[PDB]
>>> print(open('target-v1.cif').read())   # mmCIF, C-alpha atoms and all ligand atoms
data_start
#
loop_
_atom_site.group_PDB
_atom_site.id
_atom_site.type_symbol
_atom_site.label_atom_id
_atom_site.label_comp_id
_atom_site.auth_asym_id
_atom_site.auth_seq_id
_atom_site.Cartn_x
_atom_site.Cartn_y
_atom_site.Cartn_z
ATOM 1 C CA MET A 1 -4.003 -3.174 26.420
ATOM 2 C CA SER A 2 -0.817 -5.265 26.335
ATOM 3 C CA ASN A 3 1.466 -6.943 23.789
ATOM 4 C CA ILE A 4 1.383 -10.259 25.735
ATOM 5 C CA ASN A 5 -0.739 -12.145 23.171
ATOM 6 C CA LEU A 6 1.313 -10.827 20.248
ATOM 7 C CA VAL A 7 4.503 -11.933 22.016
ATOM 8 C CA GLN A 8 3.027 -15.413 22.509
ATOM 9 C CA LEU A 9 1.933 -15.551 18.870
ATOM 10 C CA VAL A 10 5.433 -14.713 17.654
ATOM 11 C CA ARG A 11 6.989 -17.198 20.095
ATOM 12 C CA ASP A 12 4.631 -19.964 18.962
ATOM 13 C CA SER A 13 5.393 -19.183 15.321
ATOM 14 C CA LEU A 14 9.127 -19.537 15.936
ATOM 15 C CA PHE A 15 8.712 -23.074 17.343
ATOM 16 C CA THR A 16 7.121 -23.942 14.000
ATOM 17 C CA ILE A 17 9.874 -22.282 11.930
ATOM 18 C CA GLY A 18 12.612 -23.901 14.045
ATOM 19 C CA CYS A 19 14.211 -20.793 15.574
ATOM 20 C CA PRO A 20 14.797 -20.219 19.297
ATOM 21 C CA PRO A 21 12.915 -17.522 21.271
ATOM 22 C CA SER A 22 16.306 -15.933 22.094
ATOM 23 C CA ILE A 23 16.078 -13.814 18.924
ATOM 24 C CA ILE A 24 12.797 -12.224 20.100
ATOM 25 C CA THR A 25 13.014 -9.081 22.216
ATOM 26 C CA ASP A 26 10.912 -6.204 23.471
ATOM 27 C CA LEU A 27 11.257 -3.146 25.685
ATOM 28 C CA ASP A 28 8.184 -3.674 27.859
ATOM 29 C CA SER A 29 4.566 -4.883 27.770
ATOM 30 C CA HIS A 30 3.449 -2.090 25.385
ATOM 31 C CA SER A 31 6.304 -1.991 22.896
ATOM 32 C CA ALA A 32 6.990 -3.424 19.501
ATOM 33 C CA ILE A 33 8.618 -6.855 19.335
ATOM 34 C CA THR A 34 11.906 -7.243 17.467
ATOM 35 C CA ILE A 35 13.256 -10.378 15.777
ATOM 36 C CA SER A 36 16.994 -9.959 15.242
ATOM 37 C CA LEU A 37 18.320 -11.466 12.006
ATOM 38 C CA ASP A 38 21.873 -12.192 10.851
ATOM 39 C CA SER A 39 23.046 -9.849 8.056
ATOM 40 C CA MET A 40 19.604 -8.253 7.672
ATOM 41 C CA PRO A 41 17.502 -5.595 9.421
ATOM 42 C CA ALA A 42 15.291 -6.823 12.247
ATOM 43 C CA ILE A 43 11.640 -7.665 11.764
ATOM 44 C CA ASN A 44 9.498 -5.401 13.939
ATOM 45 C CA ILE A 45 5.988 -6.480 14.990
ATOM 46 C CA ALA A 46 3.386 -4.397 16.810
ATOM 47 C CA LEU A 47 -0.320 -3.800 17.256
ATOM 48 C CA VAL A 48 -1.138 -0.523 15.483
ATOM 49 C CA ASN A 49 -4.853 0.388 15.608
ATOM 50 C CA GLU A 50 -5.828 -3.168 16.579
ATOM 51 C CA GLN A 51 -4.030 -4.467 13.472
ATOM 52 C CA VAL A 52 -0.761 -6.399 13.478
ATOM 53 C CA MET A 53 1.955 -4.602 11.534
ATOM 54 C CA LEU A 54 5.282 -6.081 10.443
ATOM 55 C CA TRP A 55 8.059 -3.801 9.233
ATOM 56 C CA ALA A 56 11.756 -3.790 8.440
ATOM 57 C CA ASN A 57 13.975 -0.746 8.081
ATOM 58 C CA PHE A 58 16.651 -0.947 5.384
ATOM 59 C CA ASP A 59 19.318 1.739 5.104
ATOM 60 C CA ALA A 60 18.012 4.075 2.397
ATOM 61 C CA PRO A 61 19.790 3.556 -0.928
ATOM 62 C CA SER A 62 21.085 6.421 -3.047
ATOM 63 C CA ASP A 63 18.914 7.426 -6.006
ATOM 64 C CA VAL A 64 21.376 5.830 -8.432
ATOM 65 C CA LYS A 65 21.398 2.535 -6.515
ATOM 66 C CA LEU A 66 17.601 2.540 -6.657
ATOM 67 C CA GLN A 67 17.843 3.173 -10.402
ATOM 68 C CA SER A 68 20.079 0.148 -11.051
ATOM 69 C CA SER A 69 17.833 -2.046 -8.872
ATOM 70 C CA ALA A 70 14.456 -0.480 -9.774
ATOM 71 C CA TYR A 71 13.205 -3.328 -11.976
ATOM 72 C CA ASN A 72 13.964 -5.913 -9.298
ATOM 73 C CA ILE A 73 12.403 -3.805 -6.540
ATOM 74 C CA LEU A 74 9.272 -3.004 -8.542
ATOM 75 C CA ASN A 75 8.742 -6.664 -9.386
ATOM 76 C CA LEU A 76 9.085 -7.486 -5.678
ATOM 77 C CA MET A 77 6.566 -4.811 -4.686
ATOM 78 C CA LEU A 78 4.015 -5.976 -7.276
ATOM 79 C CA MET A 79 4.005 -9.516 -5.842
ATOM 80 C CA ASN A 80 0.733 -10.273 -4.120
ATOM 81 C CA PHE A 81 0.904 -11.029 -0.372
ATOM 82 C CA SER A 82 -2.262 -12.899 0.618
ATOM 83 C CA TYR A 83 -2.243 -12.053 4.309
ATOM 84 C CA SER A 84 -2.058 -8.262 3.900
ATOM 85 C CA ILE A 85 -5.115 -6.000 4.300
ATOM 86 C CA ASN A 86 -4.462 -4.633 0.780
ATOM 87 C CA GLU A 87 -2.895 -7.788 -0.774
ATOM 88 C CA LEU A 88 0.524 -6.158 -0.931
ATOM 89 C CA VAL A 89 3.650 -5.442 1.026
ATOM 90 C CA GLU A 90 4.275 -1.663 1.144
ATOM 91 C CA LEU A 91 7.469 0.346 0.681
ATOM 92 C CA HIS A 92 7.839 3.620 2.615
ATOM 93 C CA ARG A 93 10.750 5.986 2.119
ATOM 94 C CA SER A 94 12.164 8.372 4.697
ATOM 95 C CA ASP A 95 15.477 10.253 4.753
ATOM 96 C CA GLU A 96 17.188 7.404 6.622
ATOM 97 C CA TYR A 97 15.345 4.213 5.657
ATOM 98 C CA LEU A 98 13.572 2.324 2.894
ATOM 99 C CA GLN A 99 10.984 0.466 4.951
ATOM 100 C CA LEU A 100 9.149 -2.733 4.013
ATOM 101 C CA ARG A 101 5.779 -2.795 5.796
ATOM 102 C CA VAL A 102 2.688 -4.978 5.904
ATOM 103 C CA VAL A 103 -0.494 -4.913 7.949
ATOM 104 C CA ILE A 104 -2.013 -8.331 8.495
ATOM 105 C CA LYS A 105 -5.718 -9.138 8.315
ATOM 106 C CA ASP A 106 -7.253 -10.218 11.628
ATOM 107 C CA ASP A 107 -8.068 -13.638 10.100
ATOM 108 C CA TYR A 108 -4.385 -14.601 10.268
ATOM 109 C CA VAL A 109 -3.156 -13.454 13.704
ATOM 110 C CA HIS A 110 -4.773 -16.059 15.960
ATOM 111 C CA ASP A 111 -2.882 -19.125 14.715
ATOM 112 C CA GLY A 112 0.883 -19.419 15.221
ATOM 113 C CA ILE A 113 1.280 -21.951 12.410
ATOM 114 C CA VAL A 114 -0.295 -19.516 9.929
ATOM 115 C CA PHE A 115 1.662 -16.619 11.392
ATOM 116 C CA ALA A 116 4.833 -18.682 10.903
ATOM 117 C CA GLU A 117 4.100 -18.710 7.179
ATOM 118 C CA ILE A 118 3.520 -14.932 7.232
ATOM 119 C CA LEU A 119 6.871 -14.336 8.960
ATOM 120 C CA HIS A 120 8.585 -16.731 6.561
ATOM 121 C CA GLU A 121 7.191 -14.945 3.504
ATOM 122 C CA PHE A 122 7.945 -11.498 4.904
ATOM 123 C CA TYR A 123 11.497 -12.680 5.570
ATOM 124 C CA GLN A 124 11.717 -13.934 1.966
ATOM 125 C CA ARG A 125 10.608 -10.523 0.638
ATOM 126 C CA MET A 126 13.227 -8.942 2.927
ATOM 127 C CA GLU A 127 15.871 -11.306 1.508
ATOM 128 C CA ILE A 128 15.053 -10.267 -2.064
ATOM 129 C CA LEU A 129 15.174 -6.550 -1.238
ATOM 130 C CA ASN A 130 18.395 -6.980 0.766
ATOM 131 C CA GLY A 131 20.020 -8.720 -2.208
ATOM 132 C CA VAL A 132 19.385 -5.740 -4.497
ATOM 133 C CA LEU A 133 20.284 -2.966 -2.025
ATOM 134 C CA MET B 1 -26.506 2.348 1.592
ATOM 135 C CA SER B 2 -25.982 4.008 -1.808
ATOM 136 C CA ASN B 3 -23.573 6.174 -3.814
ATOM 137 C CA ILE B 4 -25.764 9.310 -3.613
ATOM 138 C CA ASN B 5 -23.663 11.195 -1.026
ATOM 139 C CA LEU B 6 -20.494 10.184 -2.862
ATOM 140 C CA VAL B 7 -21.930 11.406 -6.182
ATOM 141 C CA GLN B 8 -22.732 14.755 -4.548
ATOM 142 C CA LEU B 9 -19.208 14.898 -3.091
ATOM 143 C CA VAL B 10 -17.647 14.221 -6.477
ATOM 144 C CA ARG B 11 -19.757 16.648 -8.472
ATOM 145 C CA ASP B 12 -19.154 19.364 -5.854
ATOM 146 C CA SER B 13 -15.399 18.749 -6.092
ATOM 147 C CA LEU B 14 -15.530 19.141 -9.879
ATOM 148 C CA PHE B 15 -17.086 22.625 -9.624
ATOM 149 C CA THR B 16 -14.116 23.633 -7.491
ATOM 150 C CA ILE B 17 -11.648 22.160 -10.017
ATOM 151 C CA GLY B 18 -13.301 23.891 -12.986
ATOM 152 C CA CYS B 19 -14.770 20.848 -14.765
ATOM 153 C CA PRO B 20 -18.487 20.169 -15.279
ATOM 154 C CA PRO B 21 -20.357 17.294 -13.575
ATOM 155 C CA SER B 22 -20.905 16.001 -17.139
ATOM 156 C CA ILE B 23 -17.650 14.007 -17.149
ATOM 157 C CA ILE B 24 -19.126 12.072 -14.200
ATOM 158 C CA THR B 25 -20.902 8.845 -15.150
ATOM 159 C CA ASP B 26 -22.361 5.824 -13.369
ATOM 160 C CA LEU B 27 -24.425 2.698 -14.000
ATOM 161 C CA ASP B 28 -26.889 3.152 -11.130
ATOM 162 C CA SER B 29 -27.224 4.218 -7.465
ATOM 163 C CA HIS B 30 -24.999 1.377 -6.156
ATOM 164 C CA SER B 31 -22.188 1.443 -8.709
ATOM 165 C CA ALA B 32 -18.809 3.049 -8.959
ATOM 166 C CA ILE B 33 -18.619 6.561 -10.379
ATOM 167 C CA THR B 34 -16.386 7.112 -13.409
ATOM 168 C CA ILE B 35 -14.679 10.337 -14.474
ATOM 169 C CA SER B 36 -13.735 10.144 -18.142
ATOM 170 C CA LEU B 37 -10.431 11.800 -19.021
ATOM 171 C CA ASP B 38 -8.906 12.696 -22.384
ATOM 172 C CA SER B 39 -5.983 10.443 -23.393
ATOM 173 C CA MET B 40 -5.827 8.708 -19.998
ATOM 174 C CA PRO B 41 -7.664 5.934 -18.121
ATOM 175 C CA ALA B 42 -10.823 6.976 -16.302
ATOM 176 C CA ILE B 43 -10.771 7.705 -12.582
ATOM 177 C CA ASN B 44 -13.031 5.276 -10.749
ATOM 178 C CA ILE B 45 -14.511 6.168 -7.361
ATOM 179 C CA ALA B 46 -16.578 3.978 -5.053
ATOM 180 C CA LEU B 47 -17.480 3.238 -1.464
ATOM 181 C CA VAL B 48 -15.700 0.013 -0.452
ATOM 182 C CA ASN B 49 -16.462 -1.004 3.157
ATOM 183 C CA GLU B 50 -17.514 2.537 4.152
ATOM 184 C CA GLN B 51 -14.247 3.904 2.715
ATOM 185 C CA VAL B 52 -13.852 5.938 -0.481
ATOM 186 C CA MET B 53 -11.528 4.322 -2.994
ATOM 187 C CA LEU B 54 -10.126 5.924 -6.117
ATOM 188 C CA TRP B 55 -8.511 3.795 -8.808
ATOM 189 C CA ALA B 56 -7.383 3.892 -12.421
ATOM 190 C CA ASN B 57 -6.535 0.962 -14.675
ATOM 191 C CA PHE B 58 -3.560 1.400 -17.028
ATOM 192 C CA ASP B 59 -2.798 -1.167 -19.736
ATOM 193 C CA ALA B 60 -0.063 -3.335 -18.229
ATOM 194 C CA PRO B 61 3.339 -2.684 -19.784
ATOM 195 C CA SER B 62 5.429 -5.434 -21.327
ATOM 196 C CA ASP B 63 8.354 -6.785 -19.353
ATOM 197 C CA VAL B 64 10.904 -4.825 -21.402
ATOM 198 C CA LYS B 65 8.958 -1.579 -20.972
ATOM 199 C CA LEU B 66 8.843 -2.212 -17.234
ATOM 200 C CA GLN B 67 12.653 -2.573 -17.235
ATOM 201 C CA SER B 68 13.179 0.896 -18.740
ATOM 202 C CA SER B 69 10.421 2.614 -16.742
ATOM 203 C CA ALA B 70 10.853 0.834 -13.386
ATOM 204 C CA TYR B 71 12.846 3.634 -11.739
ATOM 205 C CA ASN B 72 10.311 6.317 -12.653
ATOM 206 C CA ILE B 73 7.412 4.134 -11.517
ATOM 207 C CA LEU B 74 9.184 3.340 -8.238
ATOM 208 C CA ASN B 75 9.907 7.021 -7.565
ATOM 209 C CA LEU B 76 6.211 7.725 -8.162
ATOM 210 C CA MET B 77 5.048 4.955 -5.832
ATOM 211 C CA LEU B 78 7.355 6.213 -3.054
ATOM 212 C CA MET B 79 5.791 9.704 -3.103
ATOM 213 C CA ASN B 80 3.764 10.429 -0.018
ATOM 214 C CA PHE B 81 0.033 11.011 -0.451
ATOM 215 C CA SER B 82 -1.345 12.676 2.682
ATOM 216 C CA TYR B 83 -5.013 11.708 2.295
ATOM 217 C CA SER B 84 -4.445 7.942 1.995
ATOM 218 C CA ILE B 85 -5.012 5.540 4.883
ATOM 219 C CA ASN B 86 -1.381 4.376 4.481
ATOM 220 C CA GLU B 87 0.177 7.657 3.215
ATOM 221 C CA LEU B 88 0.714 6.173 -0.245
ATOM 222 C CA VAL B 89 -0.898 5.569 -3.583
ATOM 223 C CA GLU B 90 -0.859 1.821 -4.222
ATOM 224 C CA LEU B 91 0.122 -0.002 -7.387
ATOM 225 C CA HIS B 92 -1.495 -3.387 -8.055
ATOM 226 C CA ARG B 93 -1.392 -5.890 -10.877
ATOM 227 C CA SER B 94 -5.104 -6.299 -11.699
ATOM 228 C CA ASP B 95 -6.080 -8.589 -14.581
ATOM 229 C CA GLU B 96 -4.505 -7.076 -17.743
ATOM 230 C CA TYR B 97 -3.814 -3.741 -16.004
ATOM 231 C CA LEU B 98 -1.415 -1.902 -13.722
ATOM 232 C CA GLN B 99 -3.798 -0.219 -11.306
ATOM 233 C CA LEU B 100 -3.182 2.929 -9.267
ATOM 234 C CA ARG B 101 -5.351 2.783 -6.136
ATOM 235 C CA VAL B 102 -5.881 4.817 -2.978
ATOM 236 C CA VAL B 103 -8.285 4.554 -0.042
ATOM 237 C CA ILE B 104 -9.048 7.940 1.479
ATOM 238 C CA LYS B 105 -9.276 8.580 5.218
ATOM 239 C CA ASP B 106 -12.778 9.508 6.395
ATOM 240 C CA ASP B 107 -11.465 12.931 7.503
ATOM 241 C CA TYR B 108 -11.339 14.070 3.866
ATOM 242 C CA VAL B 109 -14.571 12.818 2.256
ATOM 243 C CA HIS B 110 -17.107 15.311 3.648
ATOM 244 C CA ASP B 111 -15.738 18.476 2.031
ATOM 245 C CA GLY B 112 -15.827 18.853 -1.757
ATOM 246 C CA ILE B 113 -13.092 21.506 -1.731
ATOM 247 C CA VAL B 114 -10.676 19.155 0.032
ATOM 248 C CA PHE B 115 -11.755 16.215 -2.140
ATOM 249 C CA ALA B 116 -11.031 18.401 -5.177
ATOM 250 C CA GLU B 117 -7.372 18.541 -4.115
ATOM 251 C CA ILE B 118 -7.420 14.767 -3.658
ATOM 252 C CA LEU B 119 -8.713 14.259 -7.207
ATOM 253 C CA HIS B 120 -6.176 16.765 -8.565
ATOM 254 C CA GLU B 121 -3.243 14.974 -6.911
ATOM 255 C CA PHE B 122 -4.507 11.533 -7.943
ATOM 256 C CA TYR B 123 -4.791 12.847 -11.522
ATOM 257 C CA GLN B 124 -1.231 14.207 -11.265
ATOM 258 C CA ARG B 125 0.058 10.767 -10.210
ATOM 259 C CA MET B 126 -1.889 9.239 -13.118
ATOM 260 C CA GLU B 127 -0.219 11.743 -15.474
ATOM 261 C CA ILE B 128 3.200 10.694 -14.189
ATOM 262 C CA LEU B 129 2.495 6.980 -14.662
ATOM 263 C CA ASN B 130 0.916 7.587 -18.084
ATOM 264 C CA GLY B 131 4.069 9.366 -19.245
ATOM 265 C CA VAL B 132 6.280 6.322 -18.604
ATOM 266 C CA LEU B 133 3.987 3.558 -19.919
HETATM 267 CL CL CL A 201 -2.916 -11.089 18.138
HETATM 268 CL CL CL A 202 11.613 -15.215 10.261
HETATM 269 CL CL CL A 203 -18.748 9.732 1.634
HETATM 270 CL CL CL A 204 -9.693 15.354 -12.219
#
>>> encode(input="target-v1.cif", output="structure tokens")
Amino acid sequence: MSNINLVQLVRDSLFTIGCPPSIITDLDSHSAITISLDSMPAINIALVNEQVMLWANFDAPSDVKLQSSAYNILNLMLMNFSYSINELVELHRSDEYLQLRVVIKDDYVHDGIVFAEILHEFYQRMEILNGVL
Amino acid sequence: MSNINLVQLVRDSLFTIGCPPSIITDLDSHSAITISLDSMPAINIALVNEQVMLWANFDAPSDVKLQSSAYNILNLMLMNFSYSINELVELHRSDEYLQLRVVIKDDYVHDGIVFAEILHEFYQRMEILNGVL
């Protein structure tokens, strides 16, 4: 009914990573949470169908850029992600963005220390994608 | 419970596609169903946690083959698939295979005519992957 517990989870996770809660923002008690990052798209976190979803919107690359970076991107996408409901991080393409998305299993969203590791790994996947875009 | 309703769904779908229910095989009433195809991996279909999953196992390509085919595989994986729970067909490393996998939304597994289109599109994606491996 509210994002209050998700906000607290993210906050708790950031104490463990070593970042301040000043980078965490939201619109209201029902919106997605945003973690602003330097030189990278923000990490968005929200409850979608009672499941925690993390996503990042990268500016969509041209077809030719995707071609020169395809091997690197494919290898990234084939990497298992243990906390995901399907064991993977997903890539969704729209006209404007190439979006990295993952839906986390309920087993891992009730412990800020574990969620810190999830955020850290998602950030690492984002770093790899950012480096080849 | 059992794969009886799923077997009936699959065989019904095949009549609509123009194939016989002879290409449909299974081990018993609790196993996955397998549709044998000529010159391509079989299509596997099973109920996994009350959800219908389709998957096909392709022999995993070497690293050098992946380098040349990465762009085509990536383009394929970014294609929307409307019947999937995440709007995509998934690609997983699975033992010695590259596996195409999709979990179908419950909305589309009670009508053999609709499921026929699902099988047809999954087969089309398999054809695309097969052509670059
Ligand atoms: Cl939560
Ligand atoms: Cl982070
Ligand atoms: Cl069913
Ligand atoms: Cl078919």
>>> atom_distance(input="target-v1.cif", atom1="atom CA of residue 11 of chain B", atom2="atom CA of residue 58 of chain B")
23.8 Å
>>> interface_residues(input="target-v1.cif", of="chain A", to="chain B", cutoff="10 Å", atoms="only C-alpha atoms", output="PyMOL selection string")
chain A and resi 63-64+66-75+77-80+86-88+90-94+98+103
>>> atom_distance(input="target-v1.cif", atom1="atom CA of residue 118 of chain A", atom2="atom CA of residue 19 of chain A")
14.8 Å
>>> calpha_fit_rmsd(input="target-v1.cif", fixed="chain B", moving="chain A")
0.5 Å
>>> atom_distance(input="target-v1.cif", atom1="atom CA of residue 129 of chain B", atom2="atom CA of residue 37 of chain B")
14.5 Å
>>> resolve_selection(input="target-v1.cif", expression="the PyMOL selection byres (((chain B and resi 42) around 12) and not hetatm)", output="JSON list (two decimals) with C-alpha atoms, in the coordinates of the input")
[["chain", "number", "residue", "atom", "x", "y", "z"],
["B", 23, "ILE", "CA", -17.65, 14.01, -17.15],
["B", 24, "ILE", "CA", -19.13, 12.07, -14.20],
["B", 25, "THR", "CA", -20.90, 8.85, -15.15],
["B", 26, "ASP", "CA", -22.36, 5.82, -13.37],
["B", 32, "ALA", "CA", -18.81, 3.05, -8.96],
["B", 33, "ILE", "CA", -18.62, 6.56, -10.38],
["B", 34, "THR", "CA", -16.39, 7.11, -13.41],
["B", 35, "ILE", "CA", -14.68, 10.34, -14.47],
["B", 36, "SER", "CA", -13.74, 10.14, -18.14],
["B", 37, "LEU", "CA", -10.43, 11.80, -19.02],
["B", 38, "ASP", "CA", -8.91, 12.70, -22.38],
["B", 39, "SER", "CA", -5.98, 10.44, -23.39],
["B", 40, "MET", "CA", -5.83, 8.71, -20.00],
["B", 41, "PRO", "CA", -7.66, 5.93, -18.12],
["B", 43, "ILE", "CA", -10.77, 7.70, -12.58],
["B", 44, "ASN", "CA", -13.03, 5.28, -10.75],
["B", 45, "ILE", "CA", -14.51, 6.17, -7.36],
["B", 54, "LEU", "CA", -10.13, 5.92, -6.12],
["B", 55, "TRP", "CA", -8.51, 3.80, -8.81],
["B", 56, "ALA", "CA", -7.38, 3.89, -12.42],
["B", 57, "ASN", "CA", -6.54, 0.96, -14.68],
["B", 58, "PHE", "CA", -3.56, 1.40, -17.03],
["B", 59, "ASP", "CA", -2.80, -1.17, -19.74],
["B", 99, "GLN", "CA", -3.80, -0.22, -11.31],
["B", 100, "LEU", "CA", -3.18, 2.93, -9.27],
["B", 119, "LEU", "CA", -8.71, 14.26, -7.21],
["B", 122, "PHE", "CA", -4.51, 11.53, -7.94],
["B", 123, "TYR", "CA", -4.79, 12.85, -11.52],
["B", 126, "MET", "CA", -1.89, 9.24, -13.12],
["B", 127, "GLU", "CA", -0.22, 11.74, -15.47],
["B", 130, "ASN", "CA", 0.92, 7.59, -18.08]]
>>> resolve_selection(input="target-v1.cif", expression="the PyMOL selection byres (((chain A and resi 17) around 12) and not hetatm)", output="list in words")
residues 10, 11, 12, 13, 14, 15, 16, 18, 19, 20, 21, 112, 113, 114, 115, 116, 117, 118, 119, 120, 121 and 123 of chain A
>>> write_last_selection(input="target-v1.cif", atoms="C-alpha atoms", output="mmCIF file, keeping the file's coordinate frame")
data_model
loop_
_atom_site.group_PDB
_atom_site.id
_atom_site.type_symbol
_atom_site.label_atom_id
_atom_site.label_comp_id
_atom_site.auth_asym_id
_atom_site.auth_seq_id
_atom_site.Cartn_x
_atom_site.Cartn_y
_atom_site.Cartn_z
ATOM 1 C CA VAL A 10 5.433 -14.713 17.654
ATOM 2 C CA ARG A 11 6.989 -17.198 20.095
ATOM 3 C CA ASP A 12 4.631 -19.964 18.962
ATOM 4 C CA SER A 13 5.393 -19.183 15.321
ATOM 5 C CA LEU A 14 9.127 -19.537 15.936
ATOM 6 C CA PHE A 15 8.712 -23.074 17.343
ATOM 7 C CA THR A 16 7.121 -23.942 14.000
ATOM 8 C CA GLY A 18 12.612 -23.901 14.045
ATOM 9 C CA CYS A 19 14.211 -20.793 15.574
ATOM 10 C CA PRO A 20 14.797 -20.219 19.297
ATOM 11 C CA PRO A 21 12.915 -17.522 21.271
ATOM 12 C CA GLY A 112 0.883 -19.419 15.221
ATOM 13 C CA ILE A 113 1.280 -21.951 12.410
ATOM 14 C CA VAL A 114 -0.295 -19.516 9.929
ATOM 15 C CA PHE A 115 1.662 -16.619 11.392
ATOM 16 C CA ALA A 116 4.833 -18.682 10.903
ATOM 17 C CA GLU A 117 4.100 -18.710 7.179
ATOM 18 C CA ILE A 118 3.520 -14.932 7.232
ATOM 19 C CA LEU A 119 6.871 -14.336 8.960
ATOM 20 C CA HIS A 120 8.585 -16.731 6.561
ATOM 21 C CA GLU A 121 7.191 -14.945 3.504
ATOM 22 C CA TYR A 123 11.497 -12.680 5.570
#
>>> residues_near_ligand(input="target-v1.cif", ligand="ligand CL 201 (chain A)", cutoff="7 Å", atoms="all atoms listed in the file", output="list in words")
residues 5, 6, 9, 52, 109 and 110 of chain A
>>> write_last_selection(input="target-v1.cif", atoms="C-alpha atoms", output="PDB file, keeping the file's coordinate frame")
ATOM      1  CA  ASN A   5      -0.739 -12.145  23.171  1.00  0.00           C
ATOM      2  CA  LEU A   6       1.313 -10.827  20.248  1.00  0.00           C
ATOM      3  CA  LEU A   9       1.933 -15.551  18.870  1.00  0.00           C
ATOM      4  CA  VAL A  52      -0.761  -6.399  13.478  1.00  0.00           C
ATOM      5  CA  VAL A 109      -3.156 -13.454  13.704  1.00  0.00           C
ATOM      6  CA  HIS A 110      -4.773 -16.059  15.960  1.00  0.00           C
TER       7      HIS A 110
END
>>> resolve_selection(input="target-v1.cif", expression="the PyMOL selection byres (((chain B and resi 50) around 12) and not hetatm)", output="ChimeraX atom specification")
/B:1-3,5-6,46-49,51-53,103-106,109
>>> closest_residue(input="target-v1.cif", among="B:76, B:124, B:95, B:81", to="ligand CL 204 (chain A)", atoms="all atoms listed in the file")
B:124
>>> axis_aligned_box(input="target-v1.cif", around="segment 109-128 of chain A", padding_each_side="4 Å", output="AutoDock Vina command-line options")
--center_x 5.5 --center_y -15.4 --center_z 6.9 --size_x 28.6 --size_y 21.0 --size_z 26.0
>>> closest_residue(input="target-v1.cif", among="B:108, B:30, B:125, B:132", to="ligand CL 204 (chain A)", atoms="all atoms listed in the file")
B:125
